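Listed next as structure tokens: two forms of one protein chain, kept apart as structure 1 and structure 2.
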Structure 1
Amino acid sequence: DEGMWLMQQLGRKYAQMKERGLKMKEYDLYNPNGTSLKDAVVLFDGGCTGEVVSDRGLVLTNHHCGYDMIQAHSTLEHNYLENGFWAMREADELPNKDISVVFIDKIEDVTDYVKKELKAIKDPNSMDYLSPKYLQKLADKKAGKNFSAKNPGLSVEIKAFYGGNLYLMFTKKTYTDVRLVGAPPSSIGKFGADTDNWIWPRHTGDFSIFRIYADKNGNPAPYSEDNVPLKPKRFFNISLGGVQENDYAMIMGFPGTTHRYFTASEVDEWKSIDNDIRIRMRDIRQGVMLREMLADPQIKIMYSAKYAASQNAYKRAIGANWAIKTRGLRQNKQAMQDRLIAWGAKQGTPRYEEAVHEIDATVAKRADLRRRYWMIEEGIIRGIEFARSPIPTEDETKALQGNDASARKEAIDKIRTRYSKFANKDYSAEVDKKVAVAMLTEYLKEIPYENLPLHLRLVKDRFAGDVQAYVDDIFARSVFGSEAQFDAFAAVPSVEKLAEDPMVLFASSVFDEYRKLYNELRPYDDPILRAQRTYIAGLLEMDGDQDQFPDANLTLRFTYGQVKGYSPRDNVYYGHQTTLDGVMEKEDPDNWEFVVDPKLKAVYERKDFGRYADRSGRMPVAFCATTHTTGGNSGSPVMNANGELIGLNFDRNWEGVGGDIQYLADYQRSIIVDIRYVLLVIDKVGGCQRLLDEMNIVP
């Protein structure tokens, strides 16, 4: 069902959740002044969600969430990323530098407090109501310093919601000793992670396992050999009951961002500026990239990370536009607007209408600047690799005109380091020359001369419109065109050479214009934000908060729905559950992304499923539900009617791409790995039987 609901809004949605089939008592789920299930959910490493699943602080999250920790501990001799990792005792669990989980200990509405404090500010246009700094001063005042010393391991944060109409203060408890316990092999963790991505049906066992360490009192500590497993206040029970079509499902986690209150005019800017330009520019780029990879297997190895990441956002823009074309996302947002404008007339408050119109006027005023910004961002900053070639720092330049021959040698070395990072083993000068001519030919068509970055004027003024000649010249004459050319510079480096380096001048010139457009555009955000406060204040006051959730902002939200398949198109049905069968169907042993693990393949043939198979002897892999999730929800616990853990959220289907702006009940689905499958893999692929022992597994 629609919405990413504040924990504070559980009471107000408890009956609908009962309607859909929630069995828990409300306070067992979220208790605002005691222990509850909420206390078992964590923000994992700042972006993902995870959950505690044993009284020794064992934490589950996605494989894609643990990926970096698994890679950092992997080499040629012991490639955990490929083979997996299962520490057979707690001492073999690996610490991670720069890792966190965070608990949401307390949450409290501090709206009236914050609004009282905001009346002390003179300027009625102050943006302090959304300043993190200001909001932190208020938080520190209420807590209030020395709060962190008096409460070791806790901190406080205030955040804004409903465009500045509601304020929450969060008391967080943060741990930074979190060790890798286990992960499956990449053939399970990422089964088809580029082809099957954004896609249902899905067969990916996207999980990994960690453990929170603490000091002997259970309070936070940085890594030390003294530290011992956390004994948490709450962990999730794992259920073997499985799922059935229409079963209740709910999620807690940390959705990042949504745009639920966009005006129609913002839908038009979003479609015809952000997305069209992204789609256009990324088509040209991927064009040249694809043909170069097909024409050379070396280039294919080098450019398929970069080509891949260019898709995973391009594709999101294709899908987003498809939602405006076919799902009337615009007319939906126009309707919300008019309902409110009418309503403001009936009440004799015209300010709602004025807010909407102040947004439209602002959107209209900034359209060419924004178009120029997106052109340069997508076309040059993201689009041409030599856009990010090295530029000397102040300090470096200063050294190269000094007399300190060794400060001369140090500055060169920092640049040699950045040069080799730019021109690494995945960089091809010739590929990027091709990419550049295409991207620049599109950029100069779409951007008139007197709006160009200063160095791009040279194409007309010096190369007689010849873009090839301009790019060739950059590489022929630059100290960053080849290893040779850089080396020759480093031998007799003058500050004068770098000042005329045409690649330096390019990279600087385009960055000046990116920066300049960004700064010109920044003042246009304030009126839209101020107008939104009013717009949303109106929307809440007219209907209510009950069917109008607050935009996500990387705070703890819950969402509910049912396990349910859907129909993506005429005469097709996807059901609610995938099976291990479906993994084997997709096998292609000569495709990296569809490799099937020898032990898993073997566990399949021998039907060796413990009591992790379903009512008919089929081994489940993944299921999907009507929950409302987004980026940030990676690793979120999925709970059955008794708040028992039934799976981990890991993706959203491509038909719900536009669900950060409008939710589509018949299409949007959360994509969840089945907890039975997670266990099977622990048990039968890992053989890491100690982890099943410590969970509290139930019917």
Structure 2
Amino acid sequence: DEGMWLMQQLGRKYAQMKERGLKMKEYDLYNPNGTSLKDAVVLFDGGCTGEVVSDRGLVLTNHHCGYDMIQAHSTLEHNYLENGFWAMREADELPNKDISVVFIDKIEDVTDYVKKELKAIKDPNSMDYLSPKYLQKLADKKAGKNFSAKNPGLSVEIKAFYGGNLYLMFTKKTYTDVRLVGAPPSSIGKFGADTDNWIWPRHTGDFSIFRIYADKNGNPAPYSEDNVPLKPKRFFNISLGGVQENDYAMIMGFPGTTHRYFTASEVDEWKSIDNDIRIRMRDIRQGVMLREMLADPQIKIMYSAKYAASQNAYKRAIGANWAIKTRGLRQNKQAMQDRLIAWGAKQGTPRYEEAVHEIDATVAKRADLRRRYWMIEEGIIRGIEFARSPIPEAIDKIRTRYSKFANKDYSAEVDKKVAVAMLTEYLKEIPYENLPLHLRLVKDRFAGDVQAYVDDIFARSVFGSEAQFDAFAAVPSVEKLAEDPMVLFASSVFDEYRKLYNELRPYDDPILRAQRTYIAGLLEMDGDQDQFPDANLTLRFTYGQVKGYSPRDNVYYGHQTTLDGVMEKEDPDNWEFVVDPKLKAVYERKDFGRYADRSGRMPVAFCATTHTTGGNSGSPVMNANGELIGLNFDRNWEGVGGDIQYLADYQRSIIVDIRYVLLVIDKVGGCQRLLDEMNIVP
């Protein structure tokens, strides 16, 4: 069900959560002064969520969240990334550089304190009410001096909610000694990673395992051999009971951004500039790359990862544009704004309408700039690799940047072909007068011939090939460098990119100010029960049910995938559909232990109507009694519009069944000590 709720809103949502099946007492889920399930959720390394799953500090998160650490410890001698990793004793758990888990020790509503302090600011249009610097100076003041002395490992932060109509202060407890314990092989962790990105059904065992280490008294400590496992205040019990269609499910984690309070005009802008441009440009770029990768095996090797990273946000944009076109997103925001405008007229209060027209007017005014901005960023800055060629003892410094640019995955021939297709589109859309200066040479010097222009850049640039770089220096002429067509291209586009960004930047603030007023209206009118605050990287809960959906006429996706699905998808030639041979043998023997359903089918993943976004990677998924039933890892493309409007009949969180995580730990890892330390319940 809809929304990413504040902990403070639990009481407002409690009735609704019970209607959907919640059996826990409010206090056991969250409370302000004691121990609750909230104390088992962590913010894992800056973005991801994770969860404490034993009384000795074991932490579960996704495989994609732990990927950097597993990769850091991997060698060709011990390739943990391909094979998995299972530490067979606590002493073999691997420390990690520059890692953190944060617990949210305390949350406090400080809206009154902040609005009082904001009264000193004389200027009515100051943006200090959202300034991270200013809010932290308020935080530090409220926490008193000596705070850090009196509270090992604690810190404070104030954040704005509801466009600056509400402020919370969080007290955070940060551990930096977090050690890798367990990871399945990549074939399991990344099963279908690219082809099935944003797809349900899904068959990925997307998990990894860490442990929080600390001092003898549980205080945060920097890494040392004398640190011991944290004995946490609360950890999750692990359910073996599974899930059924319609079962209650809930998630806590740290969603990043949403846009629930867009006006109709911002929706139109989001479609017609941001999404349309990303779609057109990435389709061009992807289409040339693909053609090259198909034609040449070595180019598939060099480019498949740049190809997949492009497709990631491309797919998201397609899905968002689909919702706009088919699910009524613009109309929903139109109705929200017209409701408040009728209401305000009746209250004799014109400021809500004026705020909506201010937003409208700013979006209208910035239109051509924004379009130019997106065209250049999607078309060139991201789209053409040689846009990031180097710009000027110092030759050795230049060589380093050249080497990074023309690295072992770079093909000058692919880059030229990509550039020709992207610039042809860019030049059709951007008129001569608004071009980055160097691109005026297409008309002026090459008579409209984009292939000739791009050919010339490579023919004469000292960065056009290694021998061209080697011959340049060798015999540096400084002199040649100042006329280099690549350098002048690169400089020229980044100069236009920069100047566009600077002229657009100021248009943000009027919109932000009006949103304060807009959201204040909405909340006065209808209250907060069905108007969640936009996500802002802070702890939130969401609740829903275990449920499939219909993607299109006469097709249904159910709520649960199985191991039978993995084997169906098995392809030993494609690295993303490789099946691990120990998991294959488990399947052949039906060696499922107590983790399969009564009918002998082994669950892999499930989906639910919870409301999640980027930042909910690794989030624990709880059942009606708060026991762990799964780990959140993706969402379906039909639901990406849900950052703007939740879609009950389409949006799903995609979740790894905790029974499958246990299976993999047991039968693939053989890591029995990790099951015995968890509290595994019926």
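Sequence positions of structure 1, starting at 1, serve as the residue numbers. For clarity, a rigid core is taken as the largest C-alpha set superposing within 1.5 Å between two forms.
- In a rigid core superposition between the two structures, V492 is the single residue of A120, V492, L294, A305 whose Cα is displaced by 2 Å or more.
- With the core fitted, the CA of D570 sits 1.3 Å away from its counterpart between the two structures.
- Core superposition places the Cα of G163 0.5 Å apart between the two structures.
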